[PDB]
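Shown here: coords_34.pdb, PDB, C-alpha atoms (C1' of nucleotides) and all ligand atoms.
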```
ATOM      1  CA  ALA A  10       0.000   0.000   0.000  1.00  0.00           C
ATOM      2  CA  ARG A  11       1.069   3.605   0.569  1.00  0.00           C
ATOM      3  CA  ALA A  12       1.155   3.867   4.367  1.00  0.00           C
ATOM      4  CA  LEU A  13       2.761   0.446   4.711  1.00  0.00           C
ATOM      5  CA  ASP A  14       5.608   1.853   2.642  1.00  0.00           C
ATOM      6  CA  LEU A  15       5.880   4.829   4.983  1.00  0.00           C
ATOM      7  CA  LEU A  16       6.297   2.537   7.988  1.00  0.00           C
ATOM      8  CA  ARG A  17       9.453   0.994   6.539  1.00  0.00           C
ATOM      9  CA  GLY A  18      11.492   4.175   6.930  1.00  0.00           C
ATOM     10  CA  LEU A  19      10.232   5.068  10.392  1.00  0.00           C
ATOM     11  CA  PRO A  20      11.484   3.697  13.707  1.00  0.00           C
ATOM     12  CA  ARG A  21      10.263   0.382  15.031  1.00  0.00           C
ATOM     13  CA  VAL A  22       6.848   0.483  16.670  1.00  0.00           C
ATOM     14  CA  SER A  23       6.940  -0.235  20.388  1.00  0.00           C
ATOM     15  CA  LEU A  24       5.259   0.719  23.630  1.00  0.00           C
ATOM     16  CA  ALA A  25       7.418   3.862  23.694  1.00  0.00           C
ATOM     17  CA  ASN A  26       5.779   5.238  20.528  1.00  0.00           C
ATOM     18  CA  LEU A  27       2.044   4.701  20.918  1.00  0.00           C
ATOM     19  CA  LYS A  28      -0.399   7.566  21.225  1.00  0.00           C
ATOM     20  CA  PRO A  29      -4.138   8.070  21.617  1.00  0.00           C
ATOM     21  CA  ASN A  30      -6.153   9.127  18.628  1.00  0.00           C
ATOM     22  CA  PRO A  31      -6.400  12.935  18.818  1.00  0.00           C
ATOM     23  CA  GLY A  32      -9.700  14.195  20.162  1.00  0.00           C
ATOM     24  CA  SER A  33     -10.425  11.043  22.155  1.00  0.00           C
ATOM     25  CA  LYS A  34      -8.703  11.573  25.513  1.00  0.00           C
ATOM     26  CA  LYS A  35     -10.254  14.811  26.661  1.00  0.00           C
ATOM     27  CA  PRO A  36      -8.108  16.393  29.404  1.00  0.00           C
ATOM     28  CA  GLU A  37      -9.121  16.313  33.048  1.00  0.00           C
ATOM     29  CA  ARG A  38     -10.354  19.167  35.230  1.00  0.00           C
ATOM     30  CA  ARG A  39      -9.143  19.662  38.794  1.00  0.00           C
ATOM     31  CA  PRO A  40      -9.764  22.651  41.046  1.00  0.00           C
ATOM     32  CA  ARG A  41      -6.245  24.054  41.247  1.00  0.00           C
ATOM     33  CA  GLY A  42      -5.102  27.500  40.171  1.00  0.00           C
ATOM     34  CA  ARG A  43      -6.770  30.859  39.895  1.00  0.00           C
ATOM     35  CA  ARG A  44      -9.216  29.641  37.271  1.00  0.00           C
ATOM     36  CA  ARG A  45     -10.314  26.109  38.105  1.00  0.00           C
ATOM     37  CA  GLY A  46     -10.389  26.476  41.882  1.00  0.00           C
ATOM     38  CA  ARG A  47     -10.975  29.468  44.062  1.00  0.00           C
ATOM     39  CA  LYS A  48     -14.548  28.389  44.652  1.00  0.00           C
ATOM     40  CA  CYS A  49     -14.018  25.421  42.330  1.00  0.00           C
ATOM     41  CA  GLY A  50     -17.118  26.253  40.328  1.00  0.00           C
ATOM     42  CA  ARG A  51     -19.665  25.844  43.099  1.00  0.00           C
ATOM     43  CA  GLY A  52     -20.685  29.475  43.378  1.00  0.00           C
ATOM     44  CA  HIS A  53     -21.372  31.769  46.296  1.00  0.00           C
ATOM     45  CA  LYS A  54     -22.523  30.635  49.716  1.00  0.00           C
ATOM     46  CA  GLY A  55     -25.891  28.914  49.655  1.00  0.00           C
ATOM     47  CA  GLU A  56     -27.222  25.416  49.693  1.00  0.00           C
ATOM     48  CA  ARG A  57     -26.184  25.080  46.061  1.00  0.00           C
ATOM     49  CA  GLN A  58     -22.537  25.277  47.109  1.00  0.00           C
ATOM     50  CA  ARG A  59     -22.659  23.024  50.163  1.00  0.00           C
ATOM     51  CA  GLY A  60     -24.238  20.227  48.151  1.00  0.00           C
ATOM     52  CA  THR A  61     -27.592  20.330  49.920  1.00  0.00           C
ATOM     53  CA  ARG A  62     -30.202  21.425  47.430  1.00  0.00           C
ATOM     54  CA  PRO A  63     -33.603  19.733  47.380  1.00  0.00           C
ATOM     55  CA  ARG A  64     -34.420  16.529  45.567  1.00  0.00           C
ATOM     56  CA  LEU A  65     -34.738  16.409  41.803  1.00  0.00           C
ATOM     57  CA  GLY A  66     -38.124  17.891  40.997  1.00  0.00           C
ATOM     58  CA  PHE A  67     -38.791  19.867  44.165  1.00  0.00           C
TER      59      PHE A  67
ATOM     60  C1'   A B   1     -10.436  20.013  51.214  1.00  0.00           C
ATOM     61  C1'   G B   2     -14.484  17.770  43.727  1.00  0.00           C
ATOM     62  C1'   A B   3     -15.775  10.710  45.116  1.00  0.00           C
ATOM     63  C1'   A B   4     -20.628   9.296  40.749  1.00  0.00           C
ATOM     64  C1'   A B   5     -25.206   8.691  37.269  1.00  0.00           C
ATOM     65  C1'   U B   6     -29.285  10.418  33.405  1.00  0.00           C
ATOM     66  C1'   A B   7     -28.550  12.530  28.676  1.00  0.00           C
ATOM     67  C1'   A B   8     -25.206  15.184  25.411  1.00  0.00           C
ATOM     68  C1'   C B   9     -20.243  15.982  22.873  1.00  0.00           C
ATOM     69  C1'   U B  10     -15.383  13.734  20.809  1.00  0.00           C
ATOM     70  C1'   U B  11     -12.735   9.625  18.934  1.00  0.00           C
ATOM     71  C1'   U B  12     -12.440   4.271  17.632  1.00  0.00           C
ATOM     72  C1'   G B  13     -15.008  -0.971  15.937  1.00  0.00           C
ATOM     73  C1'   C B  14     -19.260  -2.958  13.478  1.00  0.00           C
ATOM     74  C1'   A B  15     -23.192  -1.161  10.804  1.00  0.00           C
ATOM     75  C1'   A B  16     -29.872  -2.740   9.421  1.00  0.00           C
ATOM     76  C1'   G B  17     -27.695  -4.463  13.006  1.00  0.00           C
ATOM     77  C1'   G B  18     -24.501  -3.796  17.618  1.00  0.00           C
ATOM     78  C1'   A B  19     -22.942  -6.530  22.284  1.00  0.00           C
ATOM     79  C1'   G B  20     -18.540 -12.480  24.790  1.00  0.00           C
ATOM     80  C1'   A B  21     -26.690 -14.853  26.537  1.00  0.00           C
ATOM     81  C1'   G B  22     -30.252 -11.112  29.645  1.00  0.00           C
ATOM     82  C1'   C B  23     -30.189  -4.978  26.427  1.00  0.00           C
ATOM     83  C1'   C B  24     -31.143  -1.625  22.664  1.00  0.00           C
ATOM     84  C1'   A B  25     -32.414  -0.937  17.210  1.00  0.00           C
ATOM     85  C1'   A B  26     -37.378   3.760  12.130  1.00  0.00           C
ATOM     86  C1'   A B  27     -28.604   4.699  11.882  1.00  0.00           C
ATOM     87  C1'   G B  28     -28.179   2.513  15.626  1.00  0.00           C
ATOM     88  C1'   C B  29     -25.314  -0.141  18.949  1.00  0.00           C
ATOM     89  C1'   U B  30     -20.477  -1.539  21.773  1.00  0.00           C
ATOM     90  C1'   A B  31     -15.845   0.827  24.196  1.00  0.00           C
ATOM     91  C1'   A B  32     -13.261   4.729  26.068  1.00  0.00           C
ATOM     92  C1'   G B  33     -12.732   9.886  27.371  1.00  0.00           C
ATOM     93  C1'   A B  34     -15.238  14.289  30.542  1.00  0.00           C
ATOM     94  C1'   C B  35     -18.636  16.074  35.367  1.00  0.00           C
ATOM     95  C1'   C B  36     -20.948  16.600  41.344  1.00  0.00           C
ATOM     96  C1'   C B  37     -15.519  19.189  48.328  1.00  0.00           C
ATOM     97  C1'   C B  38     -13.349  20.052  53.927  1.00  0.00           C
ATOM     98  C1'   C B  39     -14.011  21.763  59.154  1.00  0.00           C
ATOM     99  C1'   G B  40     -18.013  23.205  63.099  1.00  0.00           C
ATOM    100  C1'   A B  41     -23.366  23.055  66.711  1.00  0.00           C
ATOM    101  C1'   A B  42     -26.811  23.051  70.738  1.00  0.00           C
ATOM    102  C1'   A B  43     -29.274  18.199  70.356  1.00  0.00           C
ATOM    103  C1'   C B  44     -31.783  12.906  69.969  1.00  0.00           C
ATOM    104  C1'   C B  45     -31.896   7.558  71.225  1.00  0.00           C
ATOM    105  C1'   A B  46     -29.630   3.120  73.306  1.00  0.00           C
ATOM    106  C1'   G B  47     -26.360   0.686  76.766  1.00  0.00           C
ATOM    107  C1'   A B  48     -22.766   1.064  80.483  1.00  0.00           C
ATOM    108  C1'   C B  49     -20.044   4.092  84.987  1.00  0.00           C
ATOM    109  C1'   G B  50     -20.604   7.170  89.049  1.00  0.00           C
ATOM    110  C1'   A B  51     -23.517   9.332  96.076  1.00  0.00           C
ATOM    111  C1'   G B  52     -14.856   8.717  98.396  1.00  0.00           C
ATOM    112  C1'   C B  53     -17.499  15.910  96.444  1.00  0.00           C
ATOM    113  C1'   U B  54     -22.353  17.570  97.545  1.00  0.00           C
ATOM    114  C1'   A B  55     -28.431  16.493  99.076  1.00  0.00           C
ATOM    115  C1'   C B  56     -30.844  13.116 102.210  1.00  0.00           C
ATOM    116  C1'   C B  57     -31.099   8.638 104.988  1.00  0.00           C
ATOM    117  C1'   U B  58     -29.292   4.209 107.812  1.00  0.00           C
ATOM    118  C1'   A B  59     -25.785   1.327 111.455  1.00  0.00           C
ATOM    119  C1'   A B  60     -22.407   1.845 115.110  1.00  0.00           C
ATOM    120  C1'   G B  61     -18.868   5.713 117.201  1.00  0.00           C
ATOM    121  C1'   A B  62     -16.640  10.879 118.727  1.00  0.00           C
ATOM    122  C1'   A B  63     -16.373  16.242 120.187  1.00  0.00           C
ATOM    123  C1'   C B  64     -18.221  20.451 122.712  1.00  0.00           C
ATOM    124  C1'   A B  65     -12.736  24.817 127.634  1.00  0.00           C
ATOM    125  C1'   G B  66     -13.959  28.850 131.132  1.00  0.00           C
ATOM    126  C1'   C B  67     -17.593  32.169 133.186  1.00  0.00           C
ATOM    127  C1'   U B  68     -22.984  33.317 134.071  1.00  0.00           C
ATOM    128  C1'   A B  69     -26.962  30.307 135.085  1.00  0.00           C
ATOM    129  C1'   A B  70     -29.603  25.174 136.632  1.00  0.00           C
ATOM    130  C1'   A B  71     -33.066  20.386 132.895  1.00  0.00           C
ATOM    131  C1'   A B  72     -32.958  25.888 128.521  1.00  0.00           C
ATOM    132  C1'   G B  73     -33.400  24.627 120.271  1.00  0.00           C
ATOM    133  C1'   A B  74     -30.644  29.840 127.741  1.00  0.00           C
ATOM    134  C1'   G B  75     -26.427  34.696 127.720  1.00  0.00           C
ATOM    135  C1'   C B  76     -20.751  35.978 127.034  1.00  0.00           C
ATOM    136  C1'   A B  77     -16.977  33.191 124.971  1.00  0.00           C
ATOM    137  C1'   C B  78     -12.473  28.973 123.343  1.00  0.00           C
ATOM    138  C1'   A B  79     -11.829  24.296 120.325  1.00  0.00           C
ATOM    139  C1'   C B  80     -15.275  23.327 116.049  1.00  0.00           C
ATOM    140  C1'   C B  81     -18.688  24.954 112.177  1.00  0.00           C
ATOM    141  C1'   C B  82     -20.360  28.814 109.063  1.00  0.00           C
ATOM    142  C1'   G B  83     -18.939  33.043 105.703  1.00  0.00           C
ATOM    143  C1'   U B  84     -21.948  39.417 107.442  1.00  0.00           C
TER     144        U B  84
HETATM  145 MG    MG C 101     -12.539  14.501  38.922  1.00  0.00          MG
HETATM  146 MG    MG C 102     -21.394   9.278 101.501  1.00  0.00          MG
END
```
Transcribe the structure of this file into structure tokens.
Amino acid sequence: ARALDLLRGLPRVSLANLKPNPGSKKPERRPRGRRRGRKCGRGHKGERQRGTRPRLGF
RNA sequence: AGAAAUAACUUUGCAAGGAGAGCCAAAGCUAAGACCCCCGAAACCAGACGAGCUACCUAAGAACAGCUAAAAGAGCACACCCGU
């Protein structure tokens, strides 16, 4: 084929070369820094923030 | 001191079928990736431990000078007790 000819002049494939397909492994989000975490997205004081808002549909 | 589903979005496989039984299917299924904090009440209920402090009670013991007065929850006043 065409690509199979490309592989001949590249380095050997091994577990040091692999990669995920771009766009698959979305990066993670952690509350650290001035953007992600100062209130970590939970908003001002209120039962929204503490994780105590009424049941779904109240 | 940011743990996780329901959908959605992205990338793969296979595609009228997907999935290694059960499930879904009028382009859908299978897989992965992403997203939901920490400290703090007065309390409540159950079972234990406490009357060597203090409140009261029981058994058997102990103390209460001297003076005045004689059988009195008597007067002055030590030990003793209390705490204006
Ligand atoms: Mg996380
Ligand atoms: Mg006693």
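Closest to chain A among B:74, B:67, B:46, B:9 is B:9, based on only C-alpha atoms (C1' of nucleotides).
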Would you compute the distance between CA of residue 26 in chain A and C1' of residue 34 in chain B? Give it in Å to one decimal.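 So the answer is 25.0 Å.
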Which residues fall under the PyMOL selection byres ((chain A) within 8 of (chain B)) in this file, as a ChimeraX atom specification? /A:30-37,39-40,49
To one decimal place in Å, what is the distance between CA of residue 63 in chain A and CA of residue 51 in chain A?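 Distance between the two atoms: 15.8 Å.
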Which residues sit within 12 Å of ligand MG 102 (chain C), counting all atoms listed in the file, listed as an MDAnalysis selection string? chainID B and resid 51:58
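Nearest to ligand MG 101 (chain C) of all the residues A:18, A:25, A:12, A:38 is A:38, based on only C-alpha atoms and all ligand atoms.
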To one decimal place, how far is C1' of residue 14 in chain B from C1' of residue 31 in chain B in Å?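 Calculated distance between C1' of residue 14 in chain B and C1' of residue 31 in chain B is 11.9 Å.
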Quick one: residues within 12 Å of residue 27 in chain B, only C-alpha atoms (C1' of nucleotides) counted, chain neighbours fewer than 6 positions away excluded, as JSON, numbers by chain? {"B": [15, 16, 17, 18]}
Taking all atoms of range 14-23 of chain B that the file lists and extending 4 Å past them on each side, where is the centre of the axis-aligned box and how long are its edges? Answer in Å to one decimal, as AutoDock Vina command-line options.
```
--center_x -24.4 --center_y -8.0 --center_z 19.5 --size_x 19.7 --size_y 21.7 --size_z 28.2
```
Measuring atom to atom with all atoms listed in the file, identify which of B:39, B:25, B:59, B:4 is nearest to ligand MG 101 (chain C). B:4
